[PDB]
Every structure is written in structure tokens, then in C-alpha cells.
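Quick heads-up: it's one chain on its own, the form deposited in one PDB entry, in C-alpha cells.
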């Protein structure tokens, strides 16, 4: 296919005789079948056409051409020889396609690909990987590459993470010696013989969990049983943490201080010791676990007929993921091969799990439709996620987070359980329930948004959460830029929004303030994850006291409010840390993958800077005007609509400077560049 590179001595001889030319090759970023090099003497560049006549040279390499020319030798390879792209199947190879079309397509051997990739390849259809080119044979149109696992260098990533953690007050040290003495000290733990009498034994039922692929601990489980008259019996089963954490111990004090678990991209800073978090409390499959359950009989539409709260002993059958449950929903009348599913206990079959998934999905769909008919608000934006290596636990790939039917299925029943427990504990203890609320947005900014939308010709209503949801729903269909424009408008509409708060009901004396604005419900609380939240442990204690298992808590409403305030602060800090870790690893990706060119839509304009939204990578970056080669810049607010005009510094002294006006919803082109020595990156408007 390609021509063999020439000998160095003949290249030197040809340079001496003068019939060969040197230069730097540049490839057209739009028509990839042509490239050129600057002329040594003439004004017109030397042209090389096609990819064969380019002869495996990449963009930026210093080459020798022979005369209409052709590359015959490369002196110094200046290109990084690293690319970012997507994997797919075509056997021993997988295909890797880069985002830059000046780089060829690369074979990656299957043993380098992720473990789950061969069985469920469609899970990795939009996951972004780095591949380094190690060869390019003469007889192949495809380079041979190596997939780059373990994004970054641990020598430099860890100090950055430590600084991020330290600037927010996250305690990440080891648990004390007195904390570990409050744990059970025995041999591999077994349930005491005196618990089987006071609990409900559900070890014979079919119960399972659905959680992310990178799940660390498991907090909740589901079961569904079809009844004889067309109804269903559905149960939600929560790990029993308050049994292992006695009130007033060093373990209790440390968990109260940390108040939440922090989930970094590469590790976790937990709230409880890894003996509990990983072995005794986590609902691992095929082990007798103590849980606390809520059980309903539901009509096929989702109506509650009777309700039961209790303590149970369960034994999970399988561990599903959000991509495993989705394959069940989308195949209602066909067998899923076991090779595409996780292991299951011999006591239960795969069909008894598939039928339960479908029967839960139908009810969840009905509940979701009715909830959005009753006037609920959903205000979600884009987010970014990373995959991990099974052998070591280091990130290697990066994709855009997707919300699907499995997520909605789990969310509906978690919401229903949370509302049920909220009502139960609020009836039981009016002055000590730990609830969660959300106030209505700010009036101030609303006028500015409605005026701006009227001027831009976007009819948006803000009288109610349901009207606002409908207004955001109807945004010029689902064209290429319709989704981006919806993203920008959602980002603008989420600015007047306020923040949700934990609180103790014994201090708010107005029933109208208990409401949750975005969900449009009179009462709410958090109940379904006590391992990674301490408010959940508190409500578990409260409900156990409500059912008569223990005595009423001695803790006061003032102490409950103080702990709620602490939980609010730590949840805020955890959110910021979890965002900054994703920013850090995307900076690592940019640094190792070179500068990335893309298209962006302006989300905001400031006096000397403007935010953009990188459409290809789903990230938001701010561009500063002082960092560009501009003759000048000016800012003008015409009514309520802002505008920024830029006058480029001309490259030469005969033509007039170019003026470019940028306004919101406009389209620009940007380049992402890695900083010299740091894990940061910048956006350049050129």
C-alpha cells in the first residue's frame, strides 16, 4: 500500500544534490485527503494528495518530499502519537476511531480491552479512550495501537487530590484504635440465634439489587410477587445499619462528624470503617443479611392498598447493574443469555428475576406519568463519568452520563418508600421527625429571565413548577442544536433556584414550609441509604422507635437541627469535591490527548469573559478576553440582552481589523490546550 521509507545516506545525498526538498507537513482540517508543505523559494505551497502519497506521515512531522510531491522520509516525529476516540468490534482485534480525522483508525488487541467489553460491547459505544500508536505497517491501512489504562501518573495525581480534599475540610485519615474496638470482635460473623425469632424470615423469596457498575457498597434491595387477583406485592429492603452502630459510641461519634461519604473518581473517603461498609452491612449476594423493610400491595396502576413496616432477614440472589436491568426492560419476550448476566444463586432462576423486573417497570412507568401529570419539576443538566479497570481500580475511559429506564425504575420506588416513611414518622413523632424541604425560587431574578425570554422569543412560564416543566419541555424539538439550546435555557432557569435543606419538624411551625417545591409533595425525607448518610441512620432510629422495637430517642430538636446543619454543609462540600475530581481527570485526559478542537455554544457573556458549552465533550469552560490576540473588546447591554464585540489585531498592515459580535445562543469554535506544568487546561477562541 504505502511506499517504503528511503535510506538515510541516500536522503543526505539527495539533500546535497538538491533534488529533494524538506519541510513541515500540514493537513487540511476539513478535506483530509490533501496536505501541503511551505515552499523553500516560491510563493505557492507544494501539494501532496491522498493518504497513500502522504506515506504514514502525521500532522506536524518534518518530512522530505520529492517532486505534486510525495513523502519519502521523516526526520523528526513531532506529533504526540496519542489519540482519543471510541472502541467497537469489527478474531483478535477491536477497532478504535479517533475524534480527529487526520489520525487513522487503530487496531487494539482484545486482551487490552475491558473485561466486560467482549460480552456487552454496546455498553462501550460512547465511551472515550486514549490509544497510543506503537506501529504502522506498510501493508495495513490501520495503525496498531495500545490502549492507555490508568489515566495519568500517580506521582502527580495524588498531591492534587490531597490539595482538593484539604481545601474543603474533608477528613481522609485512618480510623482510630478506639473506633475499631466498637466493631464486633469475633470470627467471621454469624447472625445470633436469638434474632430469628423477632424478625420476619424472607430468605426464601426472590430479592435483588440494581446499582452502578462501579458500585462500592449496596444499601437497598427490591422484590416483587404477582398475586392471584391481578395485584402485586412489592417490597423495599434497606440495610440495617443502626443495629451495628450503637448510640453513643466512638463509631457513632466519628460517623456523625464525617456525616457523609465522599466519592472521588479513583477512591472513596468513607463514613464508616471498611469492616461494616464492605462486609457486614453491604447487601452482598448470597449471604444472610439483616434488613429493615417496607411492603405494599399495589394495583397494576400503582395504587397502595395496604402497607407494612418491619425488620426482616433477607438473602440476595444476584447483583444487577443499570445496564443489566435495561437489557431486561427492552427484551420483554425473549431469553437473555447467561453470558450477558452476572452470576445468580442456584435457589432461583433467571426468568423469576426477569418477570419481576418487567412487573416493577410497568408500575414505575405508571407512577412516573401520574407524578408528572400532578405537576412535578425536573431540571437536570449534563454530567461526566469515568470507567475503572477491574484489575487495579484506576480510571481508563470517559463518557457522558446517561439517565435511563433502570434509573427511573429504581427512583420511583425509592421516592415512594421515602414518602411513606416520612408520613409514618411524622404521624408518630410530630416534634422530632427529620425531614427534607425545598423553597420556591427567588422573585428578583425571575423578572429578568421572563423579560429575556420574551425578547429572545422563547415563551417560558414561571407561575408554577408544572408550567415551568412544560415550558422547558417544548424547545424546538430535538434537532442538532435543539438539545444544546435546551441545555443553555435549563442552565439559565436553574440560577434562581434555591437549595434543599434537612430540618427538624419541631422548629418549623408552619405547614406550608414543609413542602418540596420541585417534587410538589407535602412531606419528604431520606431513608434509603444509611451507609453513606447519617440523617438516614437517624431516621432509621426514629422509625424503629415508632414501631415499638426500642424506646423514643433522647435527642432534642435543637441537637437534630445542629446535626442537620452540619449535614447540609458536608453535602455541599462533597458535591464540590466530586465535581473537581472530574475536572482533574478531564484535565489529565486533555494533557495526554493533546489539544482538542470543538464547537461551542455561548451560555453567558460577562464584561471581560464568556462561558461556553463544548458540545462534543459536554463540559463548560470560561474564556477570558485578555488571553486572546485582540485589538480590542467592548461590552454592550441592549435592553436585557448582552453582547460582546471583539476587534481582532490584524496580522498585517494593509487590511482592516475583523469585528466579531457574540451573543447568547451563538456558535463559536474553540481549542482546549493543556497548561505547561499543571493538571489544568484552557479554552482558546481562535
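Residue numbers count along the first chain shown, from 1. For clarity, a rigid core is taken as the largest C-alpha set superposing within 1.5 Å between two forms.
What comes next is about the form deposited in another entry, which is not displayed.
- For the residue set 205, 389, 195, 201, core-aligned C-alpha shifts between this form and the one not shown reach 2 angstroms or more at a single site, 389.
- For residue 253, a C-alpha deviation below 2 angstroms is recorded between this form and the one not shown after rigid-core alignment.
- Residue 377 shows a C-alpha shift below 2 Å between this form and the one not shown [criterion: core-superposed Cα displacement of 2 Å].
- After superposing the rigid core, the Cα of residue 273 is displaced by less than 2 Å between this form and the one not shown.
- Put simply, residue 128 and residue 574 come closer in the other form: their C-alpha atoms are 3 Å or more nearer than in the form shown.
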